Amino acid sequence: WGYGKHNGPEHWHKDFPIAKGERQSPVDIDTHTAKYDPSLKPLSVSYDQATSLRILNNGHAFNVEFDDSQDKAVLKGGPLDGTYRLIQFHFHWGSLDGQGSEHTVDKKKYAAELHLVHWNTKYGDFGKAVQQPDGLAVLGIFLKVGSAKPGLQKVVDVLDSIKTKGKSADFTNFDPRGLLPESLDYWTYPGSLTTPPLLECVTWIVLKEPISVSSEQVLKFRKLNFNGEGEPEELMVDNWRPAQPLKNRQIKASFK
Ligand SMILES: CN(Cc1ccccc1)C(=O)Nc1cccc(S(N)(=O)=O)c1
Ligand SMILES: [Zn+2]
């Protein structure tokens, strides 16, 4: 599977029939139909003790990986019961500024989308968590092109060292708090991984406020490669799944 004409999202259901399931992601967030839920709690993002370790080009995106062997960087509150540990973040982005996000807002596509991936500590590790309907919490943050995001620059500047699939680099002491917008207002709904195996294990928490990144920052994302070293160059762009049917789900808003 990938994002090309012959192996992209429209083909995934052949290997992963859950692609046509009842709680697939991403979705379009219709802002007028989302309902304010006053029982939703503020999000608690506790990233002060985060320990980043490594950055990896996995052939579909790049992951910044964290030490998740202790409760060092955790997400709690909001719609969540219990404690969810940060394991990695990554992005999805476009070939052009007019596309790239997975979720859309009133059909608007952003230039990119950041996914901060967390697993429910009651399941012991990530591999067990993805087998559970409440196993993961993914915090999604839209990126628009405008001013630079200073806290993203350290990520941008290492990408030259992980150009191709399978390359990794040490990436310690990175603070993911520098990727957050000011407001933690959010929408939430039950969904899935947006990549094969498309497991229906995610509580999605999508922030209303985008972050701004510069044109030069996103252009550096677009220099990455899907291919391995010594294979024909295929730029890593348009690594996003389009919006899927909402089916029998309601999107809830934390804000009026
Ligand atoms: C493809 N693999 C490897 C993988 C292989 C087999 C089983 C489980 C996982 C992923 O882990 N993907 C992933 C993980 C978390 C979040 C998101 S996302 N984009 O929904 O935030 C995508
Ligand atoms: Zn993702």
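All heavy atoms count here, side chains included; hydrogens, waters and symmetry mates do not. All residue numbers refer to positions in the sequence shown, counting from 1.
- No side-chain donor from either of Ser101 and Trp240 sits under 3.5 Å from a side-chain acceptor of the other.
- In this structure, the side chains of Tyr186 and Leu43 come closer than 4.5 Å at one or more pairs of heavy atoms.
- Under a cut-off of 6.0 angstrom, the local environment of CG in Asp170 is sparse, with at most 12 non-hydrogen atoms contributed by other residues, nucleotides or ligands.
- A donor atom on one side chain and an acceptor atom on the other are found under 3.5 Å apart for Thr104 and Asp28.
- Between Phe142 and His103, the ring-plane angle classifies as perpendicular under the 30° and 60° cut-offs.
- Between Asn57 and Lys165, the closest heavy-atom pair is OD1-CA, 3.5 Å.
- By the 4.5 Å heavy-atom criterion applied to side chains, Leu86 and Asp68 are not counted as neighbours.
- No side-chain donor-acceptor contact under 3.5 Å links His6 and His11.
- Cation-pi geometry between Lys108 and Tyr110 is met: under 6.0 angstrom from the ring centre, within 45 degrees of the axis.
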Set out, in order, the CA-CA distance, both residues' side-chain angles and the distance that settles ring pair (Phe, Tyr, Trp, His ring centres under 6.0 Å) for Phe62 and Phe171, then state yes or no. CA-CA 12 Å; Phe62 63 86; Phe171 200 68; 8.9 Å; no

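- For CD of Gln250, the number of neighbouring non-hydrogen atoms (other residues, nucleotides, ligands) closer than 6.0 Å is 12 at most.
- We find that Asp185 and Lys208 are joined by a salt bridge, their nearest charged nitrogen and carboxylate oxygen being less than 4.0 Å apart.
- Around atom CG of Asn248, no more than 12 heavy atoms belonging to other residues, nucleotides or ligands sit under 6.0 Å away.
- In terms of heavy atoms, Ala137 sits closest to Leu75 at CB-CD2, 4.1 Å.
- Heavy-atom minimum distance, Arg23 versus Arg249: C-NH1, 3.2 Å.
- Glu234 and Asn227 share no side-chain donor-acceptor pair at under 3.5 Å.
- Here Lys154 does not pair with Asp175 in a salt bridge; the nearest charged N to carboxylate O distance is not below 4.0 Å.
- Residues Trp93 and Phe91 approach most closely at CZ3-O, 3.3 Å, considering heavy atoms.
- Taking hydrophobic clusters as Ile, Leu, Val, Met, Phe, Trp and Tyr residues chained together by side-chain heavy-atom distances below 4.5 Å, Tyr123 does not share a cluster with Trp204.
- Hydrophobic clustering of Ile, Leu, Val, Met, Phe, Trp and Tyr side chains at less than 4.5 Å, counting indirect connections, keeps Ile141 apart from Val27.
- Judged by distance alone, the side chains of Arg85 and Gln70 never bring a donor and an acceptor atom under 3.5 Å apart.
- Two residues are said to be in side-chain contact when any heavy atoms from C-beta on lie closer than 4.5 Å; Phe66 and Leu53 fail this criterion.
- Residues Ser25 and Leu193 form no side-chain contact, since every pair of their non-hydrogen atoms from C-beta on lies 4.5 Å or further apart.
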Apply salt bridge (charged side-chain N to carboxylate O under 4.0 Å, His left out) to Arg54 and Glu65, showing your working. CA-CA 5 Å; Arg54 193 178 73 139; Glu65 289 156 8; 2.8 Å; yes

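- Between the side chains of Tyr3 and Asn239, no donor-acceptor pair of N or O atoms lies under 3.5 Å.
- In this structure, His90 and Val117 have side chains that are in contact, with non-hydrogen atoms separated by less than 4.5 Å.
- Residues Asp238 and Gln99 have side chains that bring a donor and an acceptor to within less than 3.5 angstrom of each other.
- Among all heavy-atom pairs drawn from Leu136 and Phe126, the shortest one is CD2-CE1, 3.7 Å.
- Residues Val218 and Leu143 are not in side-chain contact: their nearest non-hydrogen atoms beyond the backbone lie 4.5 Å or more apart.
- Checking each of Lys144, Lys109, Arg222 against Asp97 for a salt bridge (charged side-chain N to carboxylate O under 4.0 Å, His left out) leaves exactly one that passes, namely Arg222.
- Side chain to side chain, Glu102 and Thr194 meet the donor-acceptor criterion of an N or O pair below 3.5 Å.
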List the steps and the verdict of salt bridge (charged side-chain N to carboxylate O under 4.0 Å, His left out) for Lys163 and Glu233. CA-CA 10 Å; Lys163 184 178 178 181; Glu233 193 179 24; 3.4 Å; yes

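- The two residues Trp119 and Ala129 have their closest heavy-atom pair at CB-CB, 3.9 Å.
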Test side-chain contact (heavy atoms from CB on, under 4.5 Å) applied to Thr188 and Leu40, step by step: CA-CA 10 Å; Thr188 185; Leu40 284 168; 4.2 Å; yes

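- The cationic group of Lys252 does not satisfy the cation-pi geometry with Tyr189, failing either the under 6.0 Å distance to the six-membered ring centre or the 45° limit from the ring axis.
- There is no path of hydrophobic side-chain contacts, each under 4.5 Å, that joins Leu114 to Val202.
- Linking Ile, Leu, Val, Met, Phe, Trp and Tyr whenever their side-chain heavy atoms come within less than 4.5 Å leaves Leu80 and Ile87 in two separate clusters.
- Hydrophobic clustering of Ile, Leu, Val, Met, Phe, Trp and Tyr side chains at less than 4.5 Å, counting indirect connections, keeps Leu179 apart from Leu56.
- Put simply, the side chain of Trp187 does not reach to within 4.5 Å of the side chain of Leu207, judged on heavy atoms.
- The shortest distance between side-chain heavy atoms of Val74 and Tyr47 does not fall below 4.5 Å.
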